[PDB]
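Peer 1:
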Ligand SMILES: *[C@@H]1O[C@H](CO[C@@H]2O[C@@H](C)[C@@H](O)[C@@H](O)[C@@H]2O)[C@@H](O[C@@H]2O[C@H](CO)[C@@H](O[C@@H]3O[C@H](CO[C@H]4O[C@H](CO[C@@H]5O[C@H](CO)[C@@H](O[C@@H]6O[C@H](CO)[C@H](O)[C@H](O)[C@H]6O)[C@H](O)[C@H]5NC(C)=O)[C@@H](O)[C@H](O)[C@@H]4O[C@@H]4O[C@H](CO)[C@@H](O[C@@H]5O[C@H](CO)[C@H](O)[C@H](O)[C@H]5O)[C@H](O)[C@H]4NC(C)=O)[C@@H](O)[C@H](O[C@H]4O[C@H](CO)[C@@H](O)[C@H](O)[C@@H]4O[C@@H]4O[C@H](CO)[C@@H](O)[C@H](O)[C@H]4NC(C)=O)[C@@H]3O)[C@H](O)[C@H]2NC(C)=O)[C@H](O)[C@H]1NC(C)=O
Ligand SMILES: *[C@@H]1O[C@H](CO[C@@H]2O[C@@H](C)[C@@H](O)[C@@H](O)[C@@H]2O)[C@@H](O[C@@H]2O[C@H](CO)[C@@H](O[C@@H]3O[C@H](CO[C@H]4O[C@H](CO)[C@@H](O)[C@H](O)[C@@H]4O[C@@H]4O[C@H](CO)[C@@H](O)[C@H](O)[C@H]4NC(C)=O)[C@@H](O)[C@H](O[C@H]4O[C@H](CO)[C@@H](O[C@@H]5O[C@H](CO)[C@@H](O)[C@H](O)[C@H]5NC(C)=O)[C@H](O)[C@@H]4O[C@@H]4O[C@H](CO)[C@@H](O[C@@H]5O[C@H](CO)[C@H](O)[C@H](O)[C@H]5O)[C@H](O)[C@H]4NC(C)=O)[C@@H]3O)[C@H](O)[C@H]2NC(C)=O)[C@H](O)[C@H]1NC(C)=O
Ligand SMILES: *[C@@H]1O[C@H](CO)[C@@H](O[C@@H]2O[C@H](CO)[C@@H](O)[C@H](O)[C@H]2NC(C)=O)[C@H](O)[C@H]1NC(C)=O
Ligand SMILES: *[C@@H]1O[C@H](CO)[C@@H](O[C@@H]2O[C@H](CO)[C@@H](O)[C@H](O)[C@H]2NC(C)=O)[C@H](O)[C@H]1NC(C)=O
Ligand SMILES: *[C@@H]1O[C@H](CO)[C@@H](O[C@@H]2O[C@H](CO)[C@@H](O)[C@H](O)[C@H]2NC(C)=O)[C@H](O)[C@H]1NC(C)=O
Ligand SMILES: *[C@@H]1O[C@H](CO)[C@@H](O[C@@H]2O[C@H](CO)[C@@H](O)[C@H](O)[C@H]2NC(C)=O)[C@H](O)[C@H]1NC(C)=O
Ligand SMILES: *[C@@H]1O[C@H](CO)[C@@H](O[C@@H]2O[C@H](CO)[C@@H](O)[C@H](O)[C@H]2NC(C)=O)[C@H](O)[C@H]1NC(C)=O
Ligand SMILES: *[C@@H]1O[C@H](CO)[C@@H](O[C@@H]2O[C@H](CO)[C@@H](O)[C@H](O)[C@H]2NC(C)=O)[C@H](O)[C@H]1NC(C)=O
Ligand SMILES: *[C@@H]1O[C@H](CO)[C@@H](O[C@@H]2O[C@H](CO)[C@@H](O)[C@H](O)[C@H]2NC(C)=O)[C@H](O)[C@H]1NC(C)=O
Ligand SMILES: *[C@@H]1O[C@H](CO)[C@@H](O[C@@H]2O[C@H](CO)[C@@H](O)[C@H](O)[C@H]2NC(C)=O)[C@H](O)[C@H]1NC(C)=O
Ligand SMILES: *[C@@H]1O[C@H](CO)[C@@H](O[C@@H]2O[C@H](CO)[C@@H](O)[C@H](O)[C@H]2NC(C)=O)[C@H](O)[C@H]1NC(C)=O
Ligand SMILES: *[C@@H]1O[C@H](CO)[C@@H](O)[C@H](O)[C@H]1NC(C)=O
Ligand SMILES: *[C@@H]1O[C@H](CO)[C@@H](O)[C@H](O)[C@H]1NC(C)=O
Ligand SMILES: *[C@@H]1O[C@H](CO)[C@@H](O)[C@H](O)[C@H]1NC(C)=O
Ligand SMILES: *[C@@H]1O[C@H](CO)[C@@H](O)[C@H](O)[C@H]1NC(C)=O
Ligand SMILES: *[C@@H]1O[C@H](CO)[C@@H](O)[C@H](O)[C@H]1NC(C)=O
Ligand SMILES: *[C@@H]1O[C@H](CO)[C@@H](O)[C@H](O)[C@H]1NC(C)=O
Ligand SMILES: *[C@@H]1O[C@H](CO)[C@@H](O)[C@H](O)[C@H]1NC(C)=O
Ligand SMILES: *[C@@H]1O[C@H](CO)[C@@H](O)[C@H](O)[C@H]1NC(C)=O
Ligand SMILES: *[C@@H]1O[C@H](CO)[C@@H](O)[C@H](O)[C@H]1NC(C)=O
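Residue numbers (the authors' numbering), protein chains in the order written: chain L, 1 to 27, 27A to 27E, 28 to 109; chain H, 1 to 52, 52A, 53 to 82, 82A to 82C, 83 to 100, 100A to 100R, 101 to 113; chain D, 512 to 549, 557 to 664; chain B, 512 to 549, 569 to 664; chain F, 521 to 551, 569 to 664; chain C, 32 to 61, 67 to 143, 152 to 185, 188 to 309, 312 to 323, 323A, 324 to 397, 412 to 505.
#1: Shortest alpha-carbon distance to residue 109 (chain C) belongs to which of C:496, C:449, C:427, C:94?
#2: Consider the C-beta atom of residue 182 (chain C) and the heavy atoms of ligand 6; say whether any pair is separated by less than 7 angstroms.
#3: Which residues bound the alpha helix (DSSP H) around residue 108 (chain H)?
#4: What separation, rounded to the nearest whole angstrom, lies between the Cα atoms of residue 272 (chain C) and residue 86 (chain C)?
#5: List the residues of chain H that residue 84 (chain C) touches, going by C-beta distances under 8 angstroms, in chain order.
#6: Is DSSP giving residue 44 (chain H) helix, strand or coil here?
#7: So which residues put a beta carbon under 5 angstroms from any heavy atom of ligand 16, going in chain order?
#8: Using DSSP bridges, identify the partner residues of residue 467 (chain F).
#9: Residue range of the beta strand (DSSP E) that residue 658 (chain B) falls in?
#10: Classify residue 480 (chain C) as buried or exposed, calling it buried when 16 or more other Cβ atoms lie within 10 Å of its own Cβ.
#11: What residue does the alpha helix (DSSP H) around residue 566 (chain B) start on, and which one ends it?
#12: Helix or strand or just coil, what does DSSP make of residue 227 (chain C)?
#13: Taking the alpha-carbon of residue 61 (chain L) as reference, which of L:105, L:73, L:67 has the nearest alpha-carbon?
#14: Who pairs with residue 64 (chain C) in a beta bridge, going by DSSP?
#15: To test your reading of the DSSP string, which unbroken beta strand (DSSP E) runs of 3 or more residues are found completely within the segment 239-263 of chain C?
#16: Could you compute how far the alpha carbon of residue 314 (chain C) sits from the alpha carbon of residue 57 (chain C)?
#17: Return yes when the C-beta of residue 355 (chain C) is under 7 angstroms from any heavy atom of ligand 7, and no when it is not.
#18: Look at the alpha carbon of residue 522 (chain B) and the alpha carbon of residue 2 (chain L), and state the distance between them as a whole number of angstroms.
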């Protein structure tokens, strides 16, 4: 089917430290209308999934202005900004171009502990 | 606002049958299709199935094919999910969800006759429910 | 995320069927004489002014319009304009075949019938034009006695 | 050196009026569809004239395939399906303009076209030849 | 004949116009620099024929070639008596006697077409 | 029982005819192939399947192909219109053989030629030397070299912002006209087809310019399938399509520079610079045993239409025209003339392979001699990978005595490249006006 990929999974950084997460795939997810299908989601353990954005660089009500991604065509990406407390957890990539629907790798961000 | 309900979870044995439920508050259901997702305890995530705006478009996945059934009343605001011929590796978490926006009425293509439907992916989830299969 | 659904008759949906049953998709079949692309053509409709290529597209569009006018006008010469079918008053010449109707209407298709009757053409056109002329206006002038 | 002596209605004057009253000025539009003539410039002149010809023939063909050709407004035998709107017959004719109704029903067009074509073919022409023989 | 009724009185050439009508039911039947002219010629022919068919199709007269309508003839346009017209005048002379009031006659036919024939038909349909 | 006449609409009547077609870029998803005079299309053309229809096709006899050839020629000429002509080049040259840092198999190739040429002002002149090939100049009487085509058609230059890569093309149906489609797999180029569906647009089609081998083509379904009309007429050709592709490496083995010389007001010519490093020759590299398996499949499919105790022999082609001598193509905006006289030494009873290549600059187009366009030498190192999908085979006449038949490459009519793709489609006319007899009678 129409599959995809992510960056490596774990990440441990300090506050105030931007970075970059990409999401490549095997096909242009452009539809007929020009809307290009890409969802970024996140959650934590003990927490239901959550909506971050619904399109390429188009965010959702309630989300802070820190989180606006990028990436079009076949290379899709995302840019972390202003590392804060709630920025930890699983980061997901999702297609909706054609059946069936696919779920990505699930990269993870935490702090430094052992 | 809009708040979800996911009932019917626990532990069962193979060779059984279930009926599930999802009733979400203050939402029209005449214009909104909805989904099913799946959380394996080894963090396995996979799309399951989708219903139309009014139960007229049924698309499953490969492993679930010919085994499960989705039905819905929009009057009672009540969703039915029923599963048969149960495998042991079906141990996961089942979660009810909603579409991003509403699609409209169905679109037609005049040079074919193929009455098109349009979909788009999801926005929100609820609390989920956990059915596990063991001996 | 595009899923397909319910069905209709469709374009050319009965070309391999029984004529007595295939006689009812004439609408969808006959709609597309002036279309087939029923899609942002208007921009190239606009800016192709200084070349031969839009001139040839103009050739094509005008020619298609004239073909539709030729067909509709020739039907309009007969007294069967604005309709789908019509009966008439030319008796059939049984020299042309003597098959029963139970084979044509049940076990014969359109392209078969085309390959059968393809030489009797202009005779039929002349006889139809004659009955649409003779007593269709002459005795109609005699039927105009009020 | 002129005067003005207005008698008849305006071109699209009745567009701000109600539907059941503005139904009586339908002549003027079809009166004014194919006039205006009454190097690069002649090129786009012929371009415009061809476009006008094409749209007028398209709509006359759509008239002709239906059994409502030649004449103006008519009837049919397709009963109304209430899945499209559900008004109580006064709110449309006395309380609604045309642009409002057009924005209300601009998703159900092709189905209505196809079903009118269906009832125009079926039980009207084969039924005619059934009635054309004892 | 092709325009055979030229030098006749209107009342004299009042019977054999049907042969003229069938003979005027032709023109496309029986089929670079110059091609531009050919294209423009075809455009002119199509536009004239569609003009005539539109103006027929708006009125109730779009079937037969002669018909009747519901307009009383106003005496402001002409004043000549009936036999004076039908036995002592050609077509061209009548043309130059009427070719100023034509648009008003068109508009009156149009209003007579719309009014009392379709909405009246619509009220007649309700039982 | 008298019977009567009736007249109908909607009858599908087919007349095989000809028309002007309908260009379609794939939604114009984006240069020679800037294709601004073409239409964005649906990437999902709707496909309708039929029943009961048998239909004859006729390959080699379809007016899609001639229209294709004319359209690609005229678009090729359209791209090369506005750039700068190269008229003042026809002065002579003061040349010398390059005798510095030579390699083995590149002797006599590169030359160093200096000359007079005007500047952008009329009242002046200058001295320019540039590095040139051997396949491009001719002796006159150091020695004296004039240019190859000054006593024939003129020479222009393509602009460097103009790419050469092909773009996938769709054709679609003008109104009033239809396209039919066959779904047999072993369907030879003629004969009927009972499996019929229809569409409104073609698939993606790449205008690939090759000379001896089908490149970037379409794989078949099952095996090798063989296309010709009359194998007994040895004057014809034989079209052969593979099942499985063959990867093939060819690359420019050299490092390269480039100058930028002013000619006139707004007139700048790009000549060859000076090579950094030493000298190599371009090569091509393929698998070894996969070629043998491929020709085994060839022998396995030749056995039907002619003899199997008849022994299969391969040979080099007859030679002659450089349009059909080497195998040529358009990797990376450059043209390669590869000595394929080693791959075809074979005779069968029914790791690395290396061949040298040649490069030219003065490029005549399809078969025309009234046109010449010059390419600028691209800097750097060029690497091009592609596939191989089919072959064009010629057989001698007079091959009697029932065995040892000889096959050779050739076929320098590039319409067959289009015939190798458009062998499925057919354009037909609709005549919707039909009559029939019946028993009823109308009424007054
Ligand atoms: C107005 O109008 C309207 C119209 O509508 C609309 O319009 C427009 C707008 C447009 O849009 C259009 O389009 C639309 O439509 C109308 O309406 C209409 O009507 C009609 C009539 O009725 C209808 O129709 C219907 O249809 C259907 C369909 O089918 C489907 O389904 C099925 C089944 O069903 C289901 O089942 C289930 C199971 O069981 C169920 O569930 C349940 O439920 C309960 C409750 O409580 C619970 O829950 C339990 O648990 C459960 O179980 C349900 O309910 C049911 N439903 C019903 C309704 O019934 C089956 O078959 C199937 O599924 C179908 O579906 C399909 O499938 C397929 C497969 O997969 C799919 O597709 C797909 O897809 C993919 C992707 O795309 C791929 O492609 C593939 O390939 C494909 O295939 C999907 O899913 C789908 N599709 C579609 C298209 O959809 C049916 O069923 C019906 O039928 C019936 O009936 C009839 C009459 O009656 C007949 O004819 C038939 O035959 C049948 O029969 C019957 O049967 C029964 C049983 O068997 C018996 O009993 C009886 O008896 C019988 N009958 C007799 C007579 O005999 C119907 O037809 C429609 O729908 C409607 N619509 C709507 C919307 O609604 C109206 O009407 C008007 N108005 C007036 C006034 O008129
Ligand atoms: C016909 O048809 C059509 C279709 O089709 C068409 O046509 C055809 C022919 C072809 O062409 C095709 O192609 C086409 O398409 C249809 O249409 C439709 O419509 C509809 C309407 O409604 C729609 O829907 C909507 O959507 C929206 C979105 O979307 C939009 O946006 C975007 C971005 O911007 C874009 O892109 C898009 O596009 C859109 O836009 C649009 O577009 C269009 C096109 O055309 C146009 O027209 C328009 O104009 C535009 N617009 C704009 C604005 O832009 C969404 O958003 C929505 O949703 C919302 O809303 C609703 C309503 O209101 C709501 O609901 C509610 O809820 C509540 C709860 O509480 C309740 O209470 C109430 O009751 C309800 N309501 C009611 C009435 O009932 C919802 O919910 C929403 O809201 C929101 O939500 C959210 C959630 O999610 C929230 O958030 C939140 O927040 C917080 C804080 O911040 C936190 O964070 C949390 O967590 C969260 O959650 C918010 O807040 C809210 N808000 C508020 C204010 O509140 C809707 O959905 C659709 O879309 C369409 N379609 C399509 C496809 O598109 C039609 O209809 C038909 N028909 C006729 C008759 O016409
Ligand atoms: C049916 O058509 C045939 C051929 O057109 C007609 O046969 C002709 O009949 C006339 C007298 O009726 C003869 O003078 C001709 O010699 C016949 N033609 C030939 C080729 O021999 C036949 O009359 C037609 N039948 C009807 C009822 O119209
Ligand atoms: C090509 O000929 C030129 C012409 O002499 C030579 O290159 C230059 O020659 C001048 C004088 O002979 C020197 O001052 C330059 O340093 C030379 N430049 C280079 C890059 O060599 C030489 O014989 C040939 N040059 C090349 C690159 O082949
Ligand atoms: C460029 O043209 C000039 C003439 O303006 C040539 O100059 C003379 O050429 C002759 C041979 O024809 C020599 O015998 C003279 O010694 C040259 N004189 C000078 C001052 O150069 C020149 O040879 C030409 N150069 C090239 C490269 O073509
Ligand atoms: C331009 O001039 C050259 C001069 O060499 C012509 O070359 C001839 O080529 C043929 C082979 O094609 C040889 O047999 C002749 O011997 C060559 N001529 C001479 C004088 O040696 C070339 O044909 C000319 N171009 C054109 C278009 O005629
Ligand atoms: C294919 O081409 C051959 C010629 O190579 C045709 O063979 C002809 O056969 C007839 C009958 O034996 C001879 O009278 C002719 O002289 C042959 N032609 C020639 C040019 O010699 C053959 O007809 C062609 N068509 C097929 C096989 O369908
Ligand atoms: C096709 O292959 C043959 C086989 O090598 C080539 O024939 C050779 O040609 C050279 C140059 O004329 C001769 O020196 C050899 O003696 C020939 N060998 C044989 C066995 O004939 C022929 O040149 C090749 N043709 C092409 C166009 O490359
Ligand atoms: C390029 O092709 C030519 C023609 O086939 C080859 O020329 C002959 O090749 C054979 C085989 O090596 C030699 O025995 C002959 O002596 C060659 N002819 C001449 C005149 O030398 C040529 O060898 C091929 N190129 C390479 C690199 O093999
Ligand atoms: C040819 O090879 C030389 C090897 O040194 C390349 O030279 C260097 O290339 C790097 C990156 O390509 C540059 O940053 C240096 O400035 C170059 N140095 C010199 C002295 O040229 C050269 O780039 C190669 N040619 C091409 C076209 O890439
Ligand atoms: C060259 O051939 C290779 C196979 O050797 C092609 O790779 C496959 O291409 C088809 C369609 O082009 C795909 O369906 C397969 O999935 C590809 N294989 C793999 C492993 O991914 C390659 O596409 C060919 N090159 C071109 C330009 O078509
Ligand atoms: C031919 O078509 C008719 C209807 O179009 C269908 O019933 C029949 O099965 C078809 N013939 C075959 C052999 O499938
Ligand atoms: C038509 O049917 C009649 C009645 O059985 C029969 O006598 C005649 O031979 C038939 N003719 C044909 C052509 O089938
Ligand atoms: C057509 O079908 C009928 C009924 O099955 C049969 O009697 C007739 O022989 C068929 N026609 C032919 C040519 O076989
Ligand atoms: C239409 O009918 C409903 C119930 O039949 C009634 O409640 C409503 O007031 C009516 N509206 C009008 C405008 O007649
Ligand atoms: C033309 O004038 C002569 C003169 O007497 C007359 O006899 C003839 O009938 C006229 N022609 C027509 C067509 O009226
Ligand atoms: C009628 O015509 C006659 C001559 O034909 C004329 O003398 C008379 O005045 C006319 N009368 C009217 C009322 O027009
Ligand atoms: C394929 O080739 C053979 C031999 O030339 C010939 O029958 C025809 O051209 C094709 N086959 C069929 C069955 O049409
Ligand atoms: C072609 O070259 C690439 C590297 O450029 C290499 O990976 C590949 O294996 C080569 N294939 C063949 C058939 O030589
Ligand atoms: C064919 O001949 C060439 C040159 O003589 C040689 O290199 C090649 O190996 C020969 N082929 C075989 C299979 O021996």
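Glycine residues also receive a C-beta, built at the ideal position from the N, C-alpha and C atoms.
Peer 2: Let me lay it out:
#1: Among C:496, C:449, C:427, C:94, the Cα nearest to that of residue 109 (chain C) is on C:427.
#2: Checking the Cβ of residue 182 (chain C) against ligand 6 gives yes.
#3: Looking at the DSSP string, residue 108 (chain H) is not in any alpha helix (DSSP H); the run it does join, the beta strand (DSSP E), is 107-111.
#4: Roughly 28 angstroms between the two C-alpha positions.
#5: Those are 100H, listed as they occur along chain H.
#6: Three-state DSSP puts residue 44 (chain H) in coil, outside helix and strand.
#7: My final list is F:527, F:528.
#8: With chain F covering only 521 through 664, there is no way to say anything about residue 467 (chain F).
#9: It is not in any beta strand (DSSP E) - residue 658 (chain B) instead sits in the alpha helix (DSSP H) that spans 656-661.
#10: Flag for residue 480 (chain C) reads buried.
#11: Position 549 is followed directly by 569 in chain B, which means residue 566 (chain B) is not present among the coordinates.
#12: If DSSP states are grouped into helix, strand and coil, residue 227 (chain C) belongs with the strands.
#13: The shortest C-alpha separation from residue 61 (chain L) is found at L:73.
#14: Because chain C is numbered 61 and then 67 with no intervening positions, residue 64 (chain C) cannot be located in this model.
#15: DSSP runs (the beta strand (DSSP E)) wholly in the segment 239-263 of chain C: 242-245.
#16: Near 36 angstroms, if we compare the C-alpha coordinates of residue 57 (chain C) and residue 314 (chain C).
#17: With a threshold of 7 angstroms, the Cβ atom of residue 355 (chain C) does not count as near ligand 7, since no heavy atom of the ligand is closer than that.
#18: Those two C-alpha atoms are separated by around 56 angstroms.
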